[PDB]
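Just so it is clear: chains get the letters A, B, ... in the order the sequence lines come, proteins before strands, and each one is counted from 1. Only heavy atoms go into these numbers, but all of them, side chains included; no hydrogens, no water, no symmetry mates.
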Amino acid sequence: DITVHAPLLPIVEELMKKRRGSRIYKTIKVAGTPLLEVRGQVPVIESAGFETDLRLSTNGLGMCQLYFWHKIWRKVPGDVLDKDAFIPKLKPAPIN
Amino acid sequence: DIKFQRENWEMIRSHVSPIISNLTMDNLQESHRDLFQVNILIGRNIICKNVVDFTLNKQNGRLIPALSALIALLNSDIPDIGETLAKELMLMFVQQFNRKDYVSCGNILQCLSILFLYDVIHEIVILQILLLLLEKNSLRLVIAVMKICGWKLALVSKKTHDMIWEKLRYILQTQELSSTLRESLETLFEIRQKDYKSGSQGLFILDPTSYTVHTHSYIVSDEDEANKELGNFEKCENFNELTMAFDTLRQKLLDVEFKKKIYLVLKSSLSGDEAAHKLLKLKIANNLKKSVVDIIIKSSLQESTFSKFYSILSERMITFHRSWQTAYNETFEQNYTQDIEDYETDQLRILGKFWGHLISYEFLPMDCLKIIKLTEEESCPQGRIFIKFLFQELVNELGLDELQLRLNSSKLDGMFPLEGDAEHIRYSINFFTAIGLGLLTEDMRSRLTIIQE
Amino acid sequence: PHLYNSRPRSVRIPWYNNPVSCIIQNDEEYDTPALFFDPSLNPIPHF
Amino acid sequence: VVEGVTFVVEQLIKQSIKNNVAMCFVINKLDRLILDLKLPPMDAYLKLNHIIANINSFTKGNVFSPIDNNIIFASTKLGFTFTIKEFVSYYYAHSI
Amino acid sequence: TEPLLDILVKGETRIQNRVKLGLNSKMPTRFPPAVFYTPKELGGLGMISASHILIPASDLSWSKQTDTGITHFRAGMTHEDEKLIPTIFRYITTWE
Amino acid sequence: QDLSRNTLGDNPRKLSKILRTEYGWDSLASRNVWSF
Amino acid sequence: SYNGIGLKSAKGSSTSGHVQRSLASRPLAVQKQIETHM
């Protein structure tokens, strides 16, 4: 759940594109305020330092909460039994 | 006498009709210039009749910007057409409004709003519209006009603009509404919140060149009605003087320092990665990239030997962006085609090793070797020994197995023929066996036996 | 600092967050009163 | 008041209904309508209506409104809370 | 060999510092690269440079563990009179 | 999504009823449940 | 140091410590048992 000033939604959706697997599902126009409430998802392994990135990119005009009370479990891409998939030593690995 | 004037009216009336009917944003300039092929300056109302007919009948929902630009371009030099068309559009509106014809009202306001976005129309015209709209609660039109040109009112007439937004907010907050209208109101408020200028369907790009426009003002709340028969021929006094005015208006209208810097980047760098970074940080323009690669080649050739420094530099740049890759490709072509003619044997050794190295690790595609066409007359001796050192580097890196696989894949008919003349194929075989790559020749050698017997 | 560092010796805990600022400022000289519905605000469509 | 009924509030309502506890709602920080957002009072009333209607959307059968004193208005920075019953008791009951 | 590049930069700096302390002033702006690297027949000291390179930089942990590759560059010797001084290394044919 | 929330729709007949009904199980498998 | 790159301090390094990112960087038998089980 992301609360951000409305003209800065492009930054928030750009961040949600930069992080892997994250998606935005709904935007609530918070009535009588300059804020939007943006509801989405991000994987937990991808969630490290999400709050810090969002707060810095929005210059403190945005904030977010991360929670797991709706217990969503999702398939990781690729096959576990794929013996010869490419895995880098230091860069984050490709999707497949 | 008068029949000649009537014919002069009707020839315009026929001539303009494709010039008007084809109006789309690709051709507003073309239609603008073409309309001055005939004396519209005397035949003024002809275009105005077509505009009112067009807006009423023809459902031009995405095409109205081009019309709005065209009238702006006409008002730029012959403002009588603006002066009239203000009235013509306002009278079109009030009639179609009374006929409850929402679609044509949409067309007429989409025009008038863009005509106020341009400086063709005075703000009182839009405010006389907005008066009419709010006194009959035709809000869905108010959304259109406010979206297209509301910010212009915010600058020109802020004191009333606050009252328009106040009533719209009251409506959205307090009244039961159709969901289409409600969504339109919400998007309008979003536009005011985020980027108020974003209603610009109208091509404000024309403003620097169309700067001679000027606004016209009218009041439609007086007891006027549309003079709908004004499009037909009406007699003209001072016809020849006005013709000369029209014709006169028409005839009025109708190197070393860069090389030094690049060289000093190369000579300041320990590693080819450092050299590549130092060059990529300069943000060299696309027309200069080819000259940079020429400098990299020439500097590499002034050295006593080949060096992996120039390979690494070239690879890092080739993979950074596609423009560098294209530059390197056309530099390989330029080298072989033009300037190997005047390079000595050792420099050709360096060139061969350099390009063969870049080809081995696939930074240059194997297809680039198609420029080489290998016959005694089609090739030259310097070129032949260049090919020798290139293929030698290829064999040293890849080995003959991988090399032969790639050469089979890449269809290099220019130097590995099969269907050519027997002398041609024989020459290719003699070259490749002479440089020591005879095992590659076996296929075309076998085919040579077939074509001979 | 205590999550992302292995040996955070002598660090001090930072202040986490403040609620997001929504202080509207009156831009205009005279024509805008003290209390007004600023253009930045979302409307209130419920009825 | 500002962010109002967010998704976190939705889940808190749902968990309260699950746990079989009596809900009561404090609408806090009313100064932020007056001083921060600078809403005129009619728009502030509409804002509070939007908030209370959103509360009622998730409290399944039970109805929340101030005249039932299940809603409390507050500004805990400026040191006050009130209900309709409290205000009429202090400043109108003596005059009718 | 990055430790050698670090030692080279320090050594050239100290060699220049011997000259500077001969003139009782370490101040950079007095002594541009033209003073040191101009050849002798033009009145310079005729020093040969290896220290005006960029030094490869990398994450220390990742470099201890594996070949990180050159991800970043440190500045070597720098002067406000920014000049692209050539290196000794670019004029010696490598042993291979 | 239902069992994530510790809900269905531990008595055997009740459980088998809702397995047969909402989750569309065969009666055989519906009665043959041995643990969740 | 920033993002794990750079010197401990510019002091004592004989450099400015400036850092910049490098732009150069037919079925089997056991299968039939399901068919039996059906």
Side-chain angles (χ1 to χ4, degrees), chain A residues 6 28-37, chain B residues 130 134 137 139 142-143 146 150 154 158-177 181-193, chain C residues 22-28 30-47, chain D residues 1-5 25-57 64-75 78 80-88 91-92:
Chain A
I28 301 296
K29 280 160 182 164
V30 181
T33 71
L35 305 173
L36 301 172
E37 152 167 354
Chain B
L130 276 157
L134 291 163
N137 310 113
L139 304 173
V142 182
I143 307 305
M146 291 288 286
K158 196 179 293 196
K159 183 65 179 292
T160 63
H161 194 60
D162 289 343
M163 298 180 70
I164 305 167
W165 277 95
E166 181 67 5
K167 172 170 273 284
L168 287 167
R169 201 182 75 263
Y170 173 87
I171 285 156
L172 181 58
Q173 284 174 339
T174 63
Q175 305 301 308
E176 296 179 339
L177 303 165
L181 174 57
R182 214 197 98 173
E183 291 152 34
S184 306
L185 280 149
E186 287 177 30
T187 48
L188 174 62
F189 269 89
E190 183 177 341
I191 283 161
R192 172 159 163 97
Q193 176 184 52
Chain C
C22 296
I23 299 90
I24 294 295
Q25 300 290 2
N26 314 65
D27 288 334
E28 187 54 82
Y30 306 124
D31 292 339
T32 296
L35 294 167
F36 75 117
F37 205 88
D38 180 89
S40 313
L41 307 184
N42 302 315
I44 312 186
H46 173 272
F47 191 68
Chain D
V1 289
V2 180
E3 61 180 38
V5 184
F25 291 82
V26 185
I27 298 180
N28 200 15
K29 318 206 183 168
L30 259 71
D31 56 300
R32 297 194 90 191
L33 305 191
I34 300 156
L35 299 177
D36 290 10
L37 292 160
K38 296 180 177 65
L39 301 177
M42 186 63 200
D43 287 84
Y45 173 71
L46 295 166
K47 172 62 159 153
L48 295 169
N49 267 258
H50 185 271
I51 292 163
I52 289 161
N54 275 17
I55 289 168
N56 283 283
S57 190
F64 288 80
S65 282
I67 55 173
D68 304 301
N69 62 74
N70 295 328
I71 303 299
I72 303 106
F73 302 107
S75 181
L78 297 171
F80 78 87
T81 66
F82 70 90
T83 65
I84 309 304
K85 188 174 180 287
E86 182 162 33
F87 201 68
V88 302
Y91 299 117
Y92 291 128

Exercise. In Å, rounded to the nearest 0.5 Å, how long is the span from CD1 of C:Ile24 to CG of D:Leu35?
Worked result: 13.0 Å

Exercise. So with a 6.0 Å cut-off around CD1 of C:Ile23, is the heavy-atom count from everything else above 12?
Worked result: yes

Exercise. What is the distance from atom CG of B:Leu168 to atom CG of B:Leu134, rounded to the nearest 0.5 Å?
Worked result: 7.5 Å

For this session: Flag yes if more than 12 heavy atoms outside B:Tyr170 fall under 6.0 Å of its OH atom; otherwise flag no.
Result: no

Problem set entry | Whether D:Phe82 and D:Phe87 hold their rings parallel, tilted or perpendicular, with breakpoints at 30° and 60° | tilted

For this session: Quick one: closest heavy-atom pair of B:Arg192 and C:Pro39, and the distance?
Result: NE-CB, 3.5 Å

For this session: Ignoring hydrogens and angles, tell me if any N or O in the side chain of D:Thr83 forms a donor-acceptor pair with the backbone of D:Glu86 under 3.5 Å.
Result: yes

Exercise. What are the two closest non-hydrogen atoms of D:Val1 and D:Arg32, and how far apart are they?
Worked result: CG2-CB, 4.4 Å

Problem set entry | Minimum-distance pair of heavy atoms, taken over all atoms of B:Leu177 and B:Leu181 | CD2-CD2, 3.9 Å

Exercise. Any salt bridge between C:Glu28 and B:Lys158, counting N to O under 4.0 Å?
Worked result: yes

For this session: Determine yes or no for a side-chain-to-main-chain donor-acceptor pair under 3.5 angstrom, with D:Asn49 supplying the side chain and D:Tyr45 the backbone.
Result: yes

Problem set entry | N/O donor-acceptor pair under 3.5 Å between C:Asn42 side chain and A:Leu35 backbone | yes

Seminar exercise, completed: d(C:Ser40 OG, C:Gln25 CD) to nearest 0.5 Å is 11.0 Å

Exercise. With side chains defined as the heavy atoms from C-beta onward, is the minimum distance between B:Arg182 and B:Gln175 less than 4.5 Å?
Worked result: no

Exercise. Between the side chain of D:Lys47 and the main-chain N/O of D:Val2, is any donor-acceptor distance below 3.5 Å?
Worked result: yes

Exercise. Taking it one step at a time, do A:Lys29 and B:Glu186 satisfy salt bridge (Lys or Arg N to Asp or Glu O under 4.0 Å)?
Worked result: CA-CA 10 Å; A:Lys29 280 160 182 164; B:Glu186 287 177 30; 5.0 Å; no

Problem set entry | Euclidean distance, B:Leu130 CG relative to B:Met163 CE, rounded to 0.5 Å | 13.0 Å

Problem set entry | Pair D:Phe73-D:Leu48, side chain to side chain contact (heavy atoms under 4.5 Å, CB included): steps then yes or no | CA-CA 10 Å; D:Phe73 302 107; D:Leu48 295 169; 4.1 Å; yes

Seminar exercise, completed: For C:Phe37 and D:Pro40 the tightest heavy-atom approach is N-CD, 4.0 Å

For this session: Considering non-hydrogen atoms only, spot the tightest contact between D:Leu33 and D:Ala44 and give its length.
Result: CD1-CB, 3.9 Å

For this session: Spell out, as yes or no, whether a donor-acceptor pair under 3.5 Å connects the side chain of D:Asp36 to the backbone of D:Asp31.
Result: no

For this session: Can you measure from CD1 (D:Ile71) to CD1 (D:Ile27) and round to the nearest 0.5 angstrom?
Result: 5.0 Å

Seminar exercise, completed: In short, A:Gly32 meets D:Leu37 closest at the heavy-atom pair O-CD1, 3.7 Å

For this session: Could you tell me the separation between the CG atom of D:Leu46 and the OG1 atom of B:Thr174, rounded to the nearest 0.5 Å?
Result: 8.0 Å

Exercise. Under a 4.0 Å N-O cut-off, is there an ion pair linking D:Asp43 with B:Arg169?
Worked result: yes

For this session: Measure the shortest side-chain to side-chain distance between B:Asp162 and B:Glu166 over non-hydrogen atoms and say whether it is less than 4.5 angstrom.
Result: no

